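Have a look at query_27.csv; it's CSV, N, CA and C atoms:
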chain,number,residue,atom,x,y,z
Y,1,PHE,N,180.0,8.9,-26.0
Y,1,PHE,CA,178.7,8.6,-26.6
Y,1,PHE,C,177.8,9.8,-26.4
Y,2,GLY,N,178.1,10.9,-27.0
Y,2,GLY,CA,177.3,12.1,-26.8
Y,2,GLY,C,177.7,12.7,-25.5
Y,3,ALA,N,178.5,13.8,-25.5
Y,3,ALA,CA,179.1,14.3,-24.3
Y,3,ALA,C,178.0,14.7,-23.4
Y,4,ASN,N,177.1,15.6,-23.7
Y,4,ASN,CA,176.0,16.1,-22.9
Y,4,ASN,C,174.7,15.3,-23.1
Y,5,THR,N,174.7,14.5,-24.2
Y,5,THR,CA,173.6,13.6,-24.5
Y,5,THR,C,173.4,12.6,-23.3
Y,6,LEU,N,174.5,12.1,-22.8
Y,6,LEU,CA,174.5,11.1,-21.8
Y,6,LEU,C,174.0,11.6,-20.4
Y,7,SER,N,174.4,12.9,-20.0
Y,7,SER,CA,173.8,13.4,-18.8
Y,7,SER,C,172.3,13.7,-18.9
Y,8,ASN,N,171.9,14.1,-20.1
Y,8,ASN,CA,170.4,14.4,-20.3
Y,8,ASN,C,169.6,13.1,-20.3
Y,9,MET,N,170.2,12.0,-20.1
Y,9,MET,CA,169.5,10.7,-19.9
Y,9,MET,C,169.2,10.4,-18.4
Y,10,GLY,N,170.2,10.8,-17.6
Y,10,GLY,CA,169.9,10.9,-16.2
Y,10,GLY,C,168.8,11.8,-15.8
Y,11,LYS,N,168.6,12.9,-16.7
Y,11,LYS,CA,167.5,13.9,-16.4
Y,11,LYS,C,166.3,13.5,-17.1
Y,12,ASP,N,166.3,13.4,-18.5
Y,12,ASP,CA,165.1,13.1,-19.3
Y,12,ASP,C,164.9,11.6,-19.5
Y,13,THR,N,163.7,11.1,-19.1
Y,13,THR,CA,163.5,9.6,-19.3
Y,13,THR,C,163.1,9.3,-20.7
Y,14,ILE,N,162.5,10.2,-21.4
Y,14,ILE,CA,162.1,10.0,-22.8
Y,14,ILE,C,163.3,9.9,-23.7
Y,15,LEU,N,164.2,10.8,-23.6
Y,15,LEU,CA,165.5,10.7,-24.3
Y,15,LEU,C,166.2,9.4,-24.0
Y,16,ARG,N,166.2,9.1,-22.7
Y,16,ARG,CA,166.9,7.9,-22.2
Y,16,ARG,C,166.4,6.6,-22.8
Y,17,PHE,N,165.0,6.6,-22.9
Y,17,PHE,CA,164.4,5.4,-23.6
Y,17,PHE,C,164.7,5.4,-25.1
Y,18,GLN,N,164.8,6.6,-25.7
Y,18,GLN,CA,165.1,6.6,-27.2
Y,18,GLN,C,166.5,6.0,-27.4
Y,19,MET,N,167.4,6.4,-26.6
Y,19,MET,CA,168.8,6.0,-26.7
Y,19,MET,C,168.9,4.5,-26.3
Y,20,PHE,N,168.1,4.1,-25.3
Y,20,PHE,CA,168.1,2.7,-25.0
Y,20,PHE,C,167.6,1.8,-26.1
Y,21,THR,N,166.7,2.3,-26.9
Y,21,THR,CA,166.2,1.6,-28.1
Y,21,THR,C,167.3,1.5,-29.1
Y,22,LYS,N,168.1,2.5,-29.2
Y,22,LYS,CA,169.2,2.5,-30.2
Y,22,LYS,C,170.3,1.6,-29.8
Y,23,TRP,N,170.7,1.6,-28.5
Y,23,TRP,CA,171.7,0.7,-28.0
Y,23,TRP,C,171.3,-0.7,-28.1
Y,24,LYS,N,170.0,-1.0,-27.8
Y,24,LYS,CA,169.5,-2.4,-28.0
Y,24,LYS,C,169.6,-2.8,-29.5
Y,25,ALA,N,169.2,-1.9,-30.4
Y,25,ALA,CA,169.2,-2.3,-31.8
Y,25,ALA,C,170.5,-2.7,-32.3
Y,26,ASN,N,171.6,-2.1,-31.8
Y,26,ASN,CA,173.0,-2.5,-32.1
Y,26,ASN,C,173.5,-3.5,-31.1
Y,27,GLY,N,172.7,-4.2,-30.4
Y,27,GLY,CA,173.0,-5.3,-29.5
Y,27,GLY,C,174.2,-5.1,-28.6
Y,28,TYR,N,174.2,-4.0,-27.9
Y,28,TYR,CA,175.4,-3.6,-27.1
Y,28,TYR,C,175.6,-4.4,-25.8
Y,29,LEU,N,174.5,-5.1,-25.4
Y,29,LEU,CA,174.4,-6.0,-24.2
Y,29,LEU,C,174.6,-5.3,-22.8
Y,30,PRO,N,174.3,-6.0,-21.7
Y,30,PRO,CA,174.5,-5.5,-20.4
Y,30,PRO,C,176.0,-5.2,-20.1
Y,31,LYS,N,176.8,-6.3,-20.1
Y,31,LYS,CA,178.1,-6.2,-19.6
Y,31,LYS,C,179.1,-5.7,-20.6
Y,32,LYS,N,178.8,-5.6,-21.9
Y,32,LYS,CA,179.8,-5.1,-22.8
Y,32,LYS,C,180.0,-3.6,-22.7
Y,33,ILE,N,178.9,-2.9,-22.4
Y,33,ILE,CA,179.0,-1.4,-22.3
Y,33,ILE,C,179.1,-1.0,-20.9
Y,34,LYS,N,179.0,-1.8,-19.9
Y,34,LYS,CA,179.2,-1.5,-18.5
Y,34,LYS,C,180.6,-1.0,-18.3
Y,35,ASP,N,180.9,-0.1,-17.3
Y,35,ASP,CA,182.1,0.5,-17.1
Y,35,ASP,C,182.5,1.4,-18.3
Y,36,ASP,N,181.6,1.7,-19.2
Y,36,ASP,CA,181.7,2.9,-20.1
Y,36,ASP,C,180.6,3.9,-19.8
Y,37,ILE,N,179.7,3.6,-18.9
Y,37,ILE,CA,178.5,4.4,-18.6
Y,37,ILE,C,178.3,4.4,-17.1
Y,38,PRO,N,177.6,5.4,-16.6
Y,38,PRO,CA,177.4,5.5,-15.1
Y,38,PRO,C,176.6,4.3,-14.5
Y,39,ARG,N,176.8,4.1,-13.2
Y,39,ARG,CA,176.2,3.0,-12.6
Y,39,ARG,C,174.7,3.1,-12.6
Y,40,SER,N,174.1,4.3,-12.3
Y,40,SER,CA,172.7,4.4,-12.4
Y,40,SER,C,172.1,4.1,-13.8
Y,41,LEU,N,172.8,4.7,-14.8
Y,41,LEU,CA,172.4,4.4,-16.2
Y,41,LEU,C,172.5,3.0,-16.6
Y,42,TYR,N,173.5,2.3,-16.0
Y,42,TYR,CA,173.7,0.8,-16.3
Y,42,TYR,C,172.6,0.0,-15.7
Y,43,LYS,N,172.3,0.2,-14.4
Y,43,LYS,CA,171.2,-0.6,-13.8
Y,43,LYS,C,169.9,-0.4,-14.5
Y,44,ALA,N,169.7,0.8,-15.1
Y,44,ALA,CA,168.5,1.0,-15.9
Y,44,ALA,C,168.6,0.2,-17.2
Y,45,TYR,N,169.7,0.3,-17.9
Y,45,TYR,CA,169.8,-0.4,-19.2
Y,45,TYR,C,169.7,-1.9,-19.1
Y,46,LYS,N,170.2,-2.5,-18.0
Y,46,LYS,CA,170.0,-3.9,-17.6
Y,46,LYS,C,168.6,-4.3,-17.5
Y,47,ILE,N,167.7,-3.3,-17.1
Y,47,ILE,CA,166.3,-3.6,-17.0
Y,47,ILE,C,165.6,-3.4,-18.4
Y,48,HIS,N,166.1,-2.4,-19.1
Y,48,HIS,CA,165.6,-2.1,-20.5
Y,48,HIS,C,165.9,-3.3,-21.4
Y,49,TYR,N,167.1,-3.9,-21.3
Y,49,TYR,CA,167.4,-5.0,-22.2
Y,49,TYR,C,166.6,-6.2,-21.8
Y,50,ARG,N,166.3,-6.4,-20.5
Y,50,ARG,CA,165.6,-7.6,-20.1
Y,50,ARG,C,164.1,-7.6,-20.6
Y,51,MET,N,163.5,-6.5,-20.6
Y,51,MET,CA,162.1,-6.5,-21.0
Y,51,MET,C,161.7,-5.8,-22.3
Y,52,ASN,N,162.7,-5.0,-22.9
Y,52,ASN,CA,162.5,-4.5,-24.2
Y,52,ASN,C,163.5,-5.2,-25.2
E,1,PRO,N,163.0,-6.5,-2.5
E,1,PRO,CA,162.7,-5.6,-3.7
E,1,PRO,C,162.5,-6.3,-5.0
E,2,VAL,N,161.7,-7.3,-5.1
E,2,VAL,CA,161.6,-8.3,-6.2
E,2,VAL,C,160.4,-7.9,-7.1
E,3,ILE,N,160.6,-6.9,-8.0
E,3,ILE,CA,159.5,-6.3,-8.7
E,3,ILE,C,159.4,-6.9,-10.1
E,4,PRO,N,158.2,-7.5,-10.4
E,4,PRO,CA,158.0,-8.2,-11.7
E,4,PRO,C,158.0,-7.1,-12.8
E,5,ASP,N,158.6,-7.5,-13.9
E,5,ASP,CA,158.8,-6.5,-15.0
E,5,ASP,C,157.5,-6.2,-15.6
E,6,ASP,N,156.5,-7.0,-15.6
E,6,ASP,CA,155.2,-6.7,-16.2
E,6,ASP,C,154.6,-5.5,-15.6
E,7,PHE,N,154.9,-5.2,-14.3
E,7,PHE,CA,154.5,-4.1,-13.6
E,7,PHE,C,155.3,-2.8,-13.9
E,8,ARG,N,156.3,-2.9,-14.7
E,8,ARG,CA,157.2,-1.7,-14.9
E,8,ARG,C,156.8,-1.0,-16.2
E,9,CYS,N,156.9,0.3,-16.2
E,9,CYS,CA,156.6,1.1,-17.4
E,9,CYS,C,157.8,0.9,-18.4
E,10,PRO,N,157.6,0.7,-19.6
E,10,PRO,CA,158.7,0.6,-20.6
E,10,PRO,C,159.6,1.9,-20.6
E,11,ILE,N,159.0,3.0,-20.3
E,11,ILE,CA,159.8,4.3,-20.4
E,11,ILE,C,160.4,4.6,-19.0
E,12,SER,N,159.7,4.6,-17.9
E,12,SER,CA,160.2,4.9,-16.6
E,12,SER,C,161.1,3.7,-16.1
E,13,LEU,N,160.8,2.5,-16.5
E,13,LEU,CA,161.4,1.3,-16.0
E,13,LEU,C,161.2,1.0,-14.5
E,14,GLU,N,160.2,1.8,-14.0
E,14,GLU,CA,159.8,1.6,-12.6
E,14,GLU,C,158.4,1.2,-12.5
E,15,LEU,N,158.0,0.9,-11.3
E,15,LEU,CA,156.6,0.4,-11.0
E,15,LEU,C,155.6,1.5,-11.4
E,16,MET,N,154.5,1.0,-12.0
E,16,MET,CA,153.4,1.9,-12.5
E,16,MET,C,152.4,2.3,-11.4
E,17,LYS,N,152.3,3.6,-11.2
E,17,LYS,CA,151.3,4.2,-10.3
E,17,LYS,C,150.0,4.4,-11.0
E,18,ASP,N,150.0,4.9,-12.3
E,18,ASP,CA,148.8,5.2,-13.1
E,18,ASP,C,149.0,4.6,-14.5
E,19,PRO,N,148.9,3.3,-14.6
E,19,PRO,CA,149.0,2.6,-15.9
E,19,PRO,C,147.8,2.9,-16.8
E,20,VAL,N,148.1,3.3,-18.1
E,20,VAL,CA,147.1,3.6,-19.1
E,20,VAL,C,147.5,2.8,-20.4
E,21,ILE,N,146.5,2.5,-21.2
E,21,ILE,CA,146.6,1.7,-22.4
E,21,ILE,C,146.4,2.6,-23.6
E,22,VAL,N,147.2,2.4,-24.6
E,22,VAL,CA,147.1,3.1,-25.9
E,22,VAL,C,146.5,2.2,-26.9
E,23,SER,N,146.1,2.7,-28.1
E,23,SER,CA,145.3,2.0,-29.1
E,23,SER,C,146.0,0.7,-29.6
E,24,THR,N,147.3,0.6,-29.4
E,24,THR,CA,148.0,-0.6,-29.8
E,24,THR,C,147.9,-1.8,-28.8
E,25,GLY,N,147.4,-1.5,-27.6
E,25,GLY,CA,147.4,-2.5,-26.6
E,25,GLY,C,148.6,-2.4,-25.6
E,26,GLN,N,149.4,-1.4,-25.7
E,26,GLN,CA,150.6,-1.4,-24.8
E,26,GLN,C,150.3,-0.4,-23.6
E,27,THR,N,150.9,-0.7,-22.5
E,27,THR,CA,150.6,0.0,-21.3
E,27,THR,C,151.8,0.8,-20.8
E,28,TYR,N,151.5,2.0,-20.3
E,28,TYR,CA,152.6,2.9,-19.9
E,28,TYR,C,152.1,3.7,-18.7
E,29,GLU,N,153.1,4.3,-18.0
E,29,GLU,CA,152.8,5.2,-17.0
E,29,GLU,C,152.2,6.4,-17.6
E,30,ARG,N,151.2,7.0,-17.0
E,30,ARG,CA,150.5,8.1,-17.7
E,30,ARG,C,151.5,9.3,-17.9
E,31,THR,N,152.3,9.7,-16.9
E,31,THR,CA,153.1,10.8,-17.1
E,31,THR,C,154.1,10.6,-18.2
E,32,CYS,N,154.5,9.4,-18.4
E,32,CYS,CA,155.6,9.1,-19.5
E,32,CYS,C,155.0,9.2,-20.9
E,33,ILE,N,153.9,8.5,-21.1
E,33,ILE,CA,153.3,8.5,-22.4
E,33,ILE,C,152.7,9.9,-22.7
E,34,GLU,N,152.2,10.6,-21.7
E,34,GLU,CA,151.8,12.0,-21.9
E,34,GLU,C,152.9,12.9,-22.4
E,35,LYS,N,154.1,12.8,-21.8
E,35,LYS,CA,155.3,13.5,-22.3
E,35,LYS,C,155.6,13.1,-23.8
E,36,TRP,N,155.5,11.8,-24.1
E,36,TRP,CA,155.8,11.4,-25.4
E,36,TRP,C,154.9,11.9,-26.5
E,37,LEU,N,153.6,12.0,-26.2
E,37,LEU,CA,152.7,12.7,-27.1
E,37,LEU,C,152.8,14.2,-27.0
E,38,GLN,N,153.3,14.8,-26.0
E,38,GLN,CA,153.5,16.2,-25.9
E,38,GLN,C,154.7,16.6,-26.8
E,39,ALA,N,155.7,15.7,-26.9
E,39,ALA,CA,156.9,15.9,-27.7
E,39,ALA,C,156.7,15.8,-29.3
E,40,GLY,N,155.4,15.6,-29.6
E,40,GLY,CA,154.9,15.6,-31.0
E,40,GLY,C,154.8,14.2,-31.6
E,41,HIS,N,155.3,13.1,-30.9
E,41,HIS,CA,155.3,11.8,-31.5
E,41,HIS,C,153.9,11.3,-31.6
E,42,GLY,N,153.5,10.5,-32.6
E,42,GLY,CA,152.2,9.9,-32.7
E,42,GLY,C,152.3,8.4,-32.8
E,43,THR,N,153.3,7.8,-32.1
E,43,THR,CA,153.7,6.5,-32.3
E,43,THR,C,153.7,5.8,-30.9
E,44,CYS,N,153.4,4.5,-30.9
E,44,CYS,CA,153.5,3.7,-29.7
E,44,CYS,C,155.0,3.6,-29.5
E,45,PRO,N,155.5,4.0,-28.3
E,45,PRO,CA,156.9,4.0,-28.1
E,45,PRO,C,157.5,2.6,-28.3
E,46,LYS,N,156.9,1.5,-27.7
E,46,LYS,CA,157.5,0.2,-27.7
E,46,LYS,C,157.5,-0.4,-29.1
E,47,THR,N,156.4,-0.2,-29.8
E,47,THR,CA,156.2,-0.9,-31.1
E,47,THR,C,156.4,-0.1,-32.3
E,48,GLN,N,156.6,1.2,-32.2
E,48,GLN,CA,156.8,2.2,-33.3
E,48,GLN,C,155.6,2.3,-34.2
E,49,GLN,N,154.6,1.4,-33.9
E,49,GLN,CA,153.3,1.4,-34.6
E,49,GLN,C,152.6,2.7,-34.4
E,50,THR,N,152.2,3.3,-35.5
E,50,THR,CA,151.6,4.6,-35.4
E,50,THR,C,150.2,4.5,-34.8
E,51,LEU,N,149.8,5.4,-33.9
E,51,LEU,CA,148.6,5.3,-33.1
E,51,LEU,C,147.4,5.7,-34.0
E,52,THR,N,146.2,5.1,-33.7
E,52,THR,CA,144.9,5.4,-34.3
E,52,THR,C,144.0,6.3,-33.4
E,53,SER,N,144.5,6.6,-32.2
E,53,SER,CA,143.7,7.5,-31.3
E,53,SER,C,144.7,8.1,-30.3
E,54,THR,N,144.4,9.2,-29.7
E,54,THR,CA,145.2,9.7,-28.6
E,54,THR,C,144.6,9.4,-27.2
E,55,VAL,N,143.4,8.8,-27.2
E,55,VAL,CA,142.8,8.4,-25.9
E,55,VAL,C,143.8,7.4,-25.2
E,56,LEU,N,144.1,7.8,-23.9
E,56,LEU,CA,144.6,7.0,-22.9
E,56,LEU,C,143.5,6.5,-22.0
E,57,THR,N,143.5,5.2,-21.8
E,57,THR,CA,142.5,4.5,-21.0
E,57,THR,C,143.2,3.8,-19.8
E,58,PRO,N,142.7,4.1,-18.6
E,58,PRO,CA,143.3,3.5,-17.4
E,58,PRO,C,143.2,1.9,-17.5
E,59,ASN,N,144.2,1.2,-17.1
E,59,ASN,CA,144.2,-0.2,-17.1
E,59,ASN,C,143.9,-0.7,-15.7
E,60,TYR,N,142.6,-0.7,-15.4
E,60,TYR,CA,142.2,-0.9,-14.0
E,60,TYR,C,142.6,-2.3,-13.5
E,61,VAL,N,142.4,-3.3,-14.3
E,61,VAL,CA,142.7,-4.6,-13.8
E,61,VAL,C,144.2,-4.8,-13.5
E,62,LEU,N,145.1,-4.0,-14.2
E,62,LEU,CA,146.5,-4.0,-13.9
E,62,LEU,C,146.7,-3.2,-12.6
E,63,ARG,N,146.0,-2.1,-12.4
E,63,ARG,CA,146.0,-1.3,-11.2
E,63,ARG,C,145.7,-2.2,-10.0
E,64,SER,N,144.7,-3.1,-10.2
E,64,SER,CA,144.4,-4.0,-9.2
E,64,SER,C,145.5,-5.0,-8.9
E,65,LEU,N,146.1,-5.6,-9.9
E,65,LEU,CA,147.2,-6.5,-9.7
E,65,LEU,C,148.4,-5.9,-9.1
E,66,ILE,N,148.8,-4.7,-9.5
E,66,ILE,CA,149.8,-3.9,-8.8
E,66,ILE,C,149.5,-3.7,-7.3
E,67,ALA,N,148.3,-3.2,-7.1
E,67,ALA,CA,147.9,-2.9,-5.7
E,67,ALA,C,147.9,-4.1,-4.8
E,68,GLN,N,147.4,-5.2,-5.4
E,68,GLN,CA,147.5,-6.5,-4.6
E,68,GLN,C,149.0,-6.8,-4.3
E,69,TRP,N,149.8,-6.8,-5.3
E,69,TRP,CA,151.3,-7.1,-5.2
E,69,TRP,C,151.9,-6.1,-4.2
E,70,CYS,N,151.4,-4.9,-4.1
E,70,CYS,CA,152.0,-3.9,-3.2
E,70,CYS,C,151.8,-4.3,-1.7
E,71,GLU,N,150.5,-4.7,-1.4
E,71,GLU,CA,150.2,-4.9,0.0
E,71,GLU,C,150.8,-6.2,0.5
E,72,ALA,N,151.0,-7.2,-0.3
E,72,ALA,CA,151.8,-8.4,0.1
E,72,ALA,C,153.2,-8.1,0.5
E,73,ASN,N,153.9,-7.3,-0.4
E,73,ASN,CA,155.3,-6.9,-0.2
E,73,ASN,C,155.4,-5.3,-0.1
Translate this file's structure into C-alpha cells.
Amino acid sequence: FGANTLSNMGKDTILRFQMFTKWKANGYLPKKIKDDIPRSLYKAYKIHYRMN
Amino acid sequence: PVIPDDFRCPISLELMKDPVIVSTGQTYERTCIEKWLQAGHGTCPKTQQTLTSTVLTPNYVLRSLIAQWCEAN
C-alpha cells in the first residue's frame, strides 16, 4: 500500500490523516486491514475509525 | 489511560494541548492545523468544507474541560 508512503505516515501526521480518510472512505475497517500494517499505525487507525 | 475522544485532535489523534477552532466550527491542535494551512490547503480537514477565514481562535472552554480532566486523572 505505497512502499515508502506507509513509512511516511509514521513520520508525517498530515499525510497519515489523508490516507486514513481514504482507507475509511473504502470502509477497510479495524480488523480487516490489521496484520497488513504496523502495530503503531493500526492502533492509530482504530482511533481514526472510531471518531472520524 | 481512558482518554475521551472529544478531547483528541482529528489529525494527531492525541490529547489537545492548544485546541483552536476554524471558521467551520471544528477544533484541532494548533500545530496540526497550522501545518495543514502551510501545505497550501484551504479546507477544513474533517469536513472538506472550504474555509472562509484563516483565523484560528483558541477554544478556551475546551482548554478548561481538558485541564479539569487532566487533574482528576
Using only C-alpha atoms and a distance of at most 10 Å, pull out the residues of chain Y that contact chain E, as a PDB file with N, CA and C atoms, keeping the file's coordinate frame.
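As written to disk, result_2.pdb reads:
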ATOM      1  N   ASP Y  12     166.300  13.400 -18.500  1.00  0.00           N
ATOM      2  CA  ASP Y  12     165.100  13.100 -19.300  1.00  0.00           C
ATOM      3  C   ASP Y  12     164.900  11.600 -19.500  1.00  0.00           C
ATOM      4  N   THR Y  13     163.700  11.100 -19.100  1.00  0.00           N
ATOM      5  CA  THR Y  13     163.500   9.600 -19.300  1.00  0.00           C
ATOM      6  C   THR Y  13     163.100   9.300 -20.700  1.00  0.00           C
ATOM      7  N   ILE Y  14     162.500  10.200 -21.400  1.00  0.00           N
ATOM      8  CA  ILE Y  14     162.100  10.000 -22.800  1.00  0.00           C
ATOM      9  C   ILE Y  14     163.300   9.900 -23.700  1.00  0.00           C
ATOM     10  N   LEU Y  15     164.200  10.800 -23.600  1.00  0.00           N
ATOM     11  CA  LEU Y  15     165.500  10.700 -24.300  1.00  0.00           C
ATOM     12  C   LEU Y  15     166.200   9.400 -24.000  1.00  0.00           C
ATOM     13  N   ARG Y  16     166.200   9.100 -22.700  1.00  0.00           N
ATOM     14  CA  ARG Y  16     166.900   7.900 -22.200  1.00  0.00           C
ATOM     15  C   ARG Y  16     166.400   6.600 -22.800  1.00  0.00           C
ATOM     16  N   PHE Y  17     165.000   6.600 -22.900  1.00  0.00           N
ATOM     17  CA  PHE Y  17     164.400   5.400 -23.600  1.00  0.00           C
ATOM     18  C   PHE Y  17     164.700   5.400 -25.100  1.00  0.00           C
ATOM     19  N   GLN Y  18     164.800   6.600 -25.700  1.00  0.00           N
ATOM     20  CA  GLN Y  18     165.100   6.600 -27.200  1.00  0.00           C
ATOM     21  C   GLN Y  18     166.500   6.000 -27.400  1.00  0.00           C
ATOM     22  N   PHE Y  20     168.100   4.100 -25.300  1.00  0.00           N
ATOM     23  CA  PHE Y  20     168.100   2.700 -25.000  1.00  0.00           C
ATOM     24  C   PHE Y  20     167.600   1.800 -26.100  1.00  0.00           C
ATOM     25  N   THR Y  21     166.700   2.300 -26.900  1.00  0.00           N
ATOM     26  CA  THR Y  21     166.200   1.600 -28.100  1.00  0.00           C
ATOM     27  C   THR Y  21     167.300   1.500 -29.100  1.00  0.00           C
ATOM     28  N   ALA Y  44     169.700   0.800 -15.100  1.00  0.00           N
ATOM     29  CA  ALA Y  44     168.500   1.000 -15.900  1.00  0.00           C
ATOM     30  C   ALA Y  44     168.600   0.200 -17.200  1.00  0.00           C
ATOM     31  N   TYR Y  45     169.700   0.300 -17.900  1.00  0.00           N
ATOM     32  CA  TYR Y  45     169.800  -0.400 -19.200  1.00  0.00           C
ATOM     33  C   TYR Y  45     169.700  -1.900 -19.100  1.00  0.00           C
ATOM     34  N   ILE Y  47     167.700  -3.300 -17.100  1.00  0.00           N
ATOM     35  CA  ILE Y  47     166.300  -3.600 -17.000  1.00  0.00           C
ATOM     36  C   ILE Y  47     165.600  -3.400 -18.400  1.00  0.00           C
ATOM     37  N   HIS Y  48     166.100  -2.400 -19.100  1.00  0.00           N
ATOM     38  CA  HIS Y  48     165.600  -2.100 -20.500  1.00  0.00           C
ATOM     39  C   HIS Y  48     165.900  -3.300 -21.400  1.00  0.00           C
ATOM     40  N   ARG Y  50     166.300  -6.400 -20.500  1.00  0.00           N
ATOM     41  CA  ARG Y  50     165.600  -7.600 -20.100  1.00  0.00           C
ATOM     42  C   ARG Y  50     164.100  -7.600 -20.600  1.00  0.00           C
ATOM     43  N   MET Y  51     163.500  -6.500 -20.600  1.00  0.00           N
ATOM     44  CA  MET Y  51     162.100  -6.500 -21.000  1.00  0.00           C
ATOM     45  C   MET Y  51     161.700  -5.800 -22.300  1.00  0.00           C
ATOM     46  N   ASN Y  52     162.700  -5.000 -22.900  1.00  0.00           N
ATOM     47  CA  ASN Y  52     162.500  -4.500 -24.200  1.00  0.00           C
ATOM     48  C   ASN Y  52     163.500  -5.200 -25.200  1.00  0.00           C
TER      49      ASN Y  52
END
Just how far from CA of residue 59 in chain E is CA of residue 18 in chain E, in Å to one decimal?
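Result for CA of residue 18 in chain E versus CA of residue 59 in chain E: 8.1 Å, one decimal.
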Please compute the CA of residue 28 in chain E-CA of residue 57 in chain E distance, one decimal, in Å.
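CA of residue 57 in chain E lies at a distance of 10.3 Å from CA of residue 28 in chain E.
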Report the distance between atom C of residue 19 in chain E and atom N of residue 43 in chain E in Å, rounded to one decimal place.
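Separating atom C of residue 19 in chain E from atom N of residue 43 in chain E is a distance of 17.0 Å.
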Hey, which of E:3, E:17, E:38, E:24 ends up closest to residue 53 in chain E? Count only C-alpha atoms.
E:24
Completion of range 55-66 of chain E up to N, CA, C and O atoms, as a short mmCIF file (atom, residue, chain, number, x, y, z; two decimals), keeping the file's coordinate frame:
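Result written to rebuild17.cif:
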data_model
loop_
_atom_site.label_atom_id
_atom_site.label_comp_id
_atom_site.auth_asym_id
_atom_site.auth_seq_id
_atom_site.Cartn_x
_atom_site.Cartn_y
_atom_site.Cartn_z
N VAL E 55 143.40 8.80 -27.20
CA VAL E 55 142.80 8.40 -25.90
C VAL E 55 143.80 7.40 -25.20
O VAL E 55 144.23 6.43 -25.68
N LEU E 56 144.10 7.80 -23.90
CA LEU E 56 144.60 7.00 -22.90
C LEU E 56 143.50 6.50 -22.00
O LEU E 56 142.64 7.22 -21.60
N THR E 57 143.50 5.20 -21.80
CA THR E 57 142.50 4.50 -21.00
C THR E 57 143.20 3.80 -19.80
O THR E 57 144.14 3.08 -20.01
N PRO E 58 142.70 4.10 -18.60
CA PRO E 58 143.30 3.50 -17.40
C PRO E 58 143.20 1.90 -17.50
O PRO E 58 142.15 1.40 -18.00
N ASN E 59 144.20 1.20 -17.10
CA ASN E 59 144.20 -0.20 -17.10
C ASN E 59 143.90 -0.70 -15.70
O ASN E 59 144.75 -1.13 -14.93
N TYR E 60 142.60 -0.70 -15.40
CA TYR E 60 142.20 -0.90 -14.00
C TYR E 60 142.60 -2.30 -13.50
O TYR E 60 142.96 -2.44 -12.33
N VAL E 61 142.40 -3.30 -14.30
CA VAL E 61 142.70 -4.60 -13.80
C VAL E 61 144.20 -4.80 -13.50
O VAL E 61 144.58 -5.42 -12.51
N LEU E 62 145.10 -4.00 -14.20
CA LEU E 62 146.50 -4.00 -13.90
C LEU E 62 146.70 -3.20 -12.60
O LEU E 62 147.49 -3.62 -11.76
N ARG E 63 146.00 -2.10 -12.40
CA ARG E 63 146.00 -1.30 -11.20
C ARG E 63 145.70 -2.20 -10.00
O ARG E 63 146.29 -2.01 -8.98
N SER E 64 144.70 -3.10 -10.20
CA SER E 64 144.40 -4.00 -9.20
C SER E 64 145.50 -5.00 -8.90
O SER E 64 145.87 -5.21 -7.71
N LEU E 65 146.10 -5.60 -9.90
CA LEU E 65 147.20 -6.50 -9.70
C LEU E 65 148.40 -5.90 -9.10
O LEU E 65 149.07 -6.50 -8.21
N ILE E 66 148.80 -4.70 -9.50
CA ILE E 66 149.80 -3.90 -8.80
C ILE E 66 149.50 -3.70 -7.30
O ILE E 66 150.27 -3.93 -6.43
#
